[PDB]
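Novice: Input structure: coords32.txt, which contains compact mmCIF, C-alpha atoms.
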```
# COMPACT_ATOMS: atom_id res chain seq x y z
CA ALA A 13 -22.28 -4.37 13.29
CA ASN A 14 -20.03 -7.41 13.70
CA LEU A 15 -16.90 -6.03 12.02
CA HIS A 16 -13.53 -7.77 11.76
CA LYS A 17 -11.14 -5.34 13.45
CA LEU A 18 -7.53 -5.01 12.32
CA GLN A 19 -4.46 -4.99 14.53
CA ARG A 20 -3.77 -1.46 13.28
CA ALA A 21 -5.45 1.29 11.29
CA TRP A 22 -3.99 2.10 7.88
CA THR A 23 -4.14 5.25 5.75
CA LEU A 24 -3.92 5.36 1.95
CA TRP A 25 -2.28 8.20 0.02
CA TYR A 26 -1.86 9.04 -3.68
CA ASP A 27 0.53 11.42 -5.41
CA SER A 28 1.42 12.35 -9.00
CA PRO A 29 2.56 15.36 -11.08
CA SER A 30 -0.99 16.71 -10.80
CA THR A 31 -0.63 16.73 -7.00
CA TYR A 32 2.97 17.96 -7.13
CA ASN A 33 3.25 21.00 -4.84
CA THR A 34 6.07 23.18 -6.19
CA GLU A 35 6.13 25.31 -3.03
CA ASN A 36 6.03 22.59 -0.34
CA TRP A 37 6.95 19.08 -1.47
CA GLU A 38 5.31 17.47 1.57
CA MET A 39 1.83 18.71 0.65
CA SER A 40 2.17 16.80 -2.63
CA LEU A 41 0.77 13.83 -0.70
CA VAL A 42 -3.01 13.40 -0.58
CA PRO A 43 -4.45 11.12 2.13
CA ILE A 44 -7.49 9.31 0.73
CA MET A 45 -8.99 6.92 3.27
CA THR A 46 -8.30 5.26 6.61
CA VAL A 47 -9.26 1.62 7.21
CA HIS A 48 -9.79 -0.04 10.59
CA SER A 49 -11.42 -3.34 9.54
CA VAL A 50 -11.16 -6.01 6.85
CA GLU A 51 -14.46 -4.78 5.40
CA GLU A 52 -13.23 -1.18 5.19
CA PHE A 53 -10.05 -2.49 3.56
CA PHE A 54 -11.97 -4.32 0.85
CA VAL A 55 -14.21 -1.30 0.22
CA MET A 56 -11.07 0.80 -0.21
CA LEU A 57 -9.82 -1.81 -2.67
CA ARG A 58 -13.15 -1.64 -4.49
CA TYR A 59 -12.79 2.10 -5.06
CA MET A 60 -9.03 2.09 -5.72
CA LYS A 61 -7.84 2.34 -9.29
CA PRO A 62 -5.93 -0.67 -10.68
CA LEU A 63 -2.28 -0.18 -11.51
CA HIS A 64 -2.86 -1.45 -15.06
CA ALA A 65 -4.99 1.66 -15.64
CA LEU A 66 -3.14 4.03 -13.30
CA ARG A 67 -1.25 7.06 -14.55
CA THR A 68 2.38 6.79 -15.62
CA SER A 69 3.74 8.93 -12.74
CA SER A 70 1.69 7.96 -9.69
CA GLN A 71 2.30 6.46 -6.26
CA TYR A 72 0.07 4.65 -3.79
CA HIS A 73 1.22 4.85 -0.17
CA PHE A 74 -0.29 2.67 2.56
CA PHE A 75 1.04 3.37 6.05
CA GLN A 76 0.04 2.79 9.65
CA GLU A 77 -2.21 5.53 10.99
CA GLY A 78 -0.22 8.40 12.44
CA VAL A 79 2.76 7.53 10.23
CA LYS A 80 3.56 9.66 7.19
CA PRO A 81 5.15 7.98 4.11
CA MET A 82 8.34 10.02 4.53
CA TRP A 83 11.77 9.55 6.09
CA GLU A 84 11.22 12.63 8.28
CA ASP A 85 8.57 10.56 10.07
CA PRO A 86 9.94 9.29 13.42
CA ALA A 87 8.65 5.83 12.47
CA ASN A 88 10.86 5.75 9.35
CA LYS A 89 13.88 7.74 10.56
CA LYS A 90 15.93 4.76 11.76
CA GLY A 91 14.44 2.23 9.34
CA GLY A 92 14.55 1.84 5.59
CA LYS A 93 12.71 0.26 2.67
CA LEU A 94 12.97 -3.08 0.90
CA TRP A 95 11.90 -2.60 -2.72
CA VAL A 96 11.69 -4.46 -6.02
CA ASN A 97 11.26 -3.44 -9.67
CA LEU A 98 8.41 -5.26 -11.39
CA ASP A 99 7.66 -4.88 -15.10
CA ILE A 100 4.57 -3.85 -17.05
CA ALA A 122 -14.59 -4.89 -22.39
CA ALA A 123 -13.63 -6.18 -18.95
CA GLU A 124 -10.33 -8.01 -18.57
CA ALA A 125 -8.65 -10.24 -16.01
CA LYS A 126 -6.57 -8.63 -13.28
CA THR A 127 -2.92 -8.33 -14.22
CA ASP A 128 -0.24 -10.11 -12.23
CA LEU A 129 0.90 -6.66 -11.08
CA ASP A 130 -2.52 -5.85 -9.63
CA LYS A 131 -2.66 -9.32 -8.06
CA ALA A 132 0.72 -8.84 -6.37
CA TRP A 133 -0.30 -5.38 -5.17
CA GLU A 134 -3.48 -6.83 -3.64
CA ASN A 135 -1.56 -9.73 -2.07
CA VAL A 136 0.94 -7.40 -0.42
CA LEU A 137 -1.84 -5.12 0.83
CA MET A 138 -3.70 -8.10 2.31
CA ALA A 139 -0.48 -9.30 3.95
CA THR A 140 0.01 -5.82 5.39
CA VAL A 141 -3.45 -5.49 6.93
CA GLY A 142 -3.51 -9.15 7.97
CA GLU A 143 -0.18 -8.76 9.79
CA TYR A 144 1.44 -11.77 8.09
CA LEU A 145 4.07 -9.65 6.37
CA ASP A 146 6.11 -10.21 9.56
CA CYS A 147 4.86 -13.22 11.53
CA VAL A 148 7.20 -12.70 14.53
CA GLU A 156 6.82 -2.51 18.73
CA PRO A 157 5.94 -2.98 15.05
CA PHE A 158 8.54 -3.64 12.37
CA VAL A 159 6.60 -2.81 9.19
CA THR A 160 5.40 0.79 8.97
CA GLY A 161 4.02 0.92 5.44
CA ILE A 162 4.24 0.08 1.75
CA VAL A 163 4.49 2.06 -1.48
CA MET A 164 3.63 1.19 -5.07
CA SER A 165 5.23 3.53 -7.62
CA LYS A 166 4.21 3.51 -11.28
CA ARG A 167 7.29 4.45 -13.31
CA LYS A 168 8.05 4.74 -17.02
CA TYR A 169 9.62 1.30 -17.50
CA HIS A 170 9.45 -0.32 -14.04
CA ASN A 171 6.95 -0.48 -11.19
CA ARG A 172 8.57 -0.14 -7.77
CA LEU A 173 7.08 -2.03 -4.86
CA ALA A 174 8.51 -1.03 -1.49
CA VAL A 175 7.99 -2.15 2.11
CA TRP A 176 9.02 0.58 4.56
CA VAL A 177 10.17 -0.86 7.90
CA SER A 178 11.31 0.88 11.11
CA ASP A 179 14.59 -0.80 12.19
CA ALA A 180 17.28 -1.00 9.51
CA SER A 181 19.60 -2.92 11.87
CA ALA A 182 17.35 -5.99 12.18
CA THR A 183 18.91 -8.47 9.76
CA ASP A 184 16.75 -11.48 10.63
CA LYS A 185 13.60 -9.37 10.29
CA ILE A 186 14.72 -8.13 6.87
CA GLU A 187 15.37 -11.71 5.75
CA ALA A 188 11.90 -12.71 7.01
CA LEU A 189 10.44 -9.76 5.09
CA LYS A 190 12.38 -10.86 2.00
CA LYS A 191 10.93 -14.38 1.95
CA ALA A 192 7.46 -13.04 2.80
CA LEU A 193 7.49 -10.40 0.05
CA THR A 194 8.81 -12.92 -2.46
CA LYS A 195 5.96 -15.26 -1.53
CA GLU A 196 3.10 -12.76 -1.84
CA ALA A 197 4.38 -11.64 -5.27
CA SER A 198 4.72 -13.33 -8.65
CA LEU A 199 5.15 -10.55 -11.21
CA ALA A 203 13.74 -8.11 -11.64
CA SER A 204 15.37 -6.33 -8.70
CA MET A 205 15.42 -6.57 -4.91
CA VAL A 206 17.22 -3.96 -2.82
CA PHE A 207 17.16 -2.85 0.80
CA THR A 208 17.98 0.81 1.48
CA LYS A 209 18.42 2.56 4.81
CA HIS A 210 16.98 6.07 4.88
CA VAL B 4 0.05 -12.82 19.92
CA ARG B 5 -1.85 -10.16 17.98
CA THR B 6 -4.84 -9.72 15.68
CA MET B 7 -3.86 -11.77 12.62
CA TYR B 8 -5.72 -12.89 9.51
CA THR B 9 -4.81 -15.26 6.70
CA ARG B 10 -5.23 -14.44 3.03
CA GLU B 11 -8.09 -16.95 2.70
CA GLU B 12 -9.77 -15.57 5.83
CA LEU B 13 -9.56 -12.05 4.38
CA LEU B 14 -11.00 -13.26 1.07
CA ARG B 15 -13.86 -14.87 2.98
CA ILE B 16 -14.56 -11.66 4.92
CA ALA B 17 -14.57 -9.77 1.61
CA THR B 18 -17.96 -11.39 0.98
CA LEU B 19 -19.29 -9.52 4.02
CA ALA B 20 -17.44 -6.39 2.90
CA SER B 21 -19.57 -6.55 -0.27
CA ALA B 22 -22.51 -5.22 1.79
CA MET B 23 -20.83 -1.92 2.72
CA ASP B 24 -20.21 1.23 0.68
CA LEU B 25 -18.81 4.76 0.99
CA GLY B 26 -20.46 8.14 1.36
CA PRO B 27 -19.52 11.16 -0.74
CA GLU B 28 -17.18 12.57 1.92
CA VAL B 29 -14.74 9.65 1.79
CA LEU B 30 -15.55 8.75 -1.82
CA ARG B 31 -14.68 12.13 -3.34
CA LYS B 32 -11.07 11.77 -2.18
CA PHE B 33 -10.64 8.81 -4.55
CA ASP B 34 -11.07 11.26 -7.45
CA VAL B 35 -7.44 12.40 -7.08
CA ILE B 36 -6.38 9.03 -8.48
CA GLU B 37 -5.90 9.47 -12.22
CA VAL B 38 -6.42 7.00 -15.06
CA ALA B 39 -3.69 6.88 -17.67
CA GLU B 40 -4.39 8.84 -20.83
CA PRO B 41 -4.65 7.20 -24.26
CA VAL B 42 -1.84 7.05 -26.81
CA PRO B 43 -3.21 7.79 -30.32
```
Represent the structure of the file as structure tokens.

Specialist:
Amino acid sequence: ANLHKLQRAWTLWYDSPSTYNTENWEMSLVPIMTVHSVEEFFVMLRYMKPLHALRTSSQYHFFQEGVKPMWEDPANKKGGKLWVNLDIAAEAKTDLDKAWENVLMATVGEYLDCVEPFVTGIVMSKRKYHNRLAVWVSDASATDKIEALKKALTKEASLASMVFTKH
Amino acid sequence: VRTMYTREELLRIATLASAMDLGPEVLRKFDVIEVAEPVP
């Protein structure tokens, strides 16, 4: 089994009002699948739902293994997130889906920061009017790294706002 | 100096990926993802 191993494993999560846990907010997150190779990644993509057809209040999380998509995580405590607001038989993939796929491929391929790790995960959030893409890093003090992430994220996307936020 | 791939390299390896699938254990967890409802 000649597989193409990744630099890091990555876990996918999905949440929505149907997964909303009124008692414990944390359990609202549902881990779906962990990927360790390019092939596993593309199988995951195969069985993921496109954002064009995804529910109005849903979020995909994609984070390094052993790293929860929450600030309380030690990997995200000091860092922050750089995010942007995109806009809305068989049909061609939408630019939103294409940008989502490009950012995921850049994440697993480790060319989101071409130089401990700096990028800890990413989050796509389907909202009412906007669609929030977010890259969660680990060190909010690294200015050069955030600028490098800015150019990279702008490259891998082609679908209104860009904001960095420390947690 | 780490395991890196390019976008085109990943898209090439996707052809190999096409030969692999998922069992019911890992595949059932994708059911949580919900399709948007219609607007009549």

Novice: Contacts of residue 13 (chain A) at 12 Å or less, counting all atoms listed in the file, minus same-chain residues fewer than 4 places along, as a list in words?

Specialist: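 Counting only the stated atoms, we get residues 17, 49 and 51 of chain A; 19, 20, 22 and 23 of chain B.
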
Novice: Just the number, please: distance in Å from CA of residue 45 (chain A) to CA of residue 180 (chain A), one decimal.

Specialist: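 Answer for the CA of residue 45 (chain A) to CA of residue 180 (chain A) separation: 28.1 Å.
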
Novice: Can you check which parts of chain A lie within 6 Å of chain B? Per residue, the shortest pair of atoms and distance in Å to one decimal, counting only C-alpha atoms, sorted by chain and number, as a Markdown table.

Specialist:
```
| residue | atom | partner | partner_atom | distance |
| --- | --- | --- | --- | --- |
| A:19 | CA | B:6 | CA | 4.9 |
| A:44 | CA | B:32 | CA | 5.2 |
| A:51 | CA | B:20 | CA | 4.2 |
| A:65 | CA | B:38 | CA | 5.6 |
| A:66 | CA | B:38 | CA | 4.8 |
| A:67 | CA | B:39 | CA | 4.0 |
| A:142 | CA | B:8 | CA | 4.6 |
| A:143 | CA | B:7 | CA | 5.5 |
```

Novice: What's around residue 88 (chain A) at 12 Å? Count only C-alpha atoms, leave out sequence neighbours fewer than 2 positions away in its own chain, and write the answer as number ranges by chain.

Specialist: A: 75-76, 78-86, 90-93, 157-162, 175-180, 208-210

Novice: Would you mind reading off the distance between CA of residue 21 (chain A) and CA of residue 163 (chain A), one decimal, in Å?

Specialist: 16.2 Å

Novice: Mind giving me the straight-line distance from CA of residue 43 (chain A) to CA of residue 27 (chain B) in Å, one decimal?

Specialist: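 Interatomic distance here is 15.3 Å.
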
Novice: Please check which residues have atoms at most 8 Å from (1.4, 13.4, -1.8) in the file's coordinates, counting all atoms listed in the file, and write them as a ChimeraX atom specification.

Specialist: /A:25-28,31-32,37-43
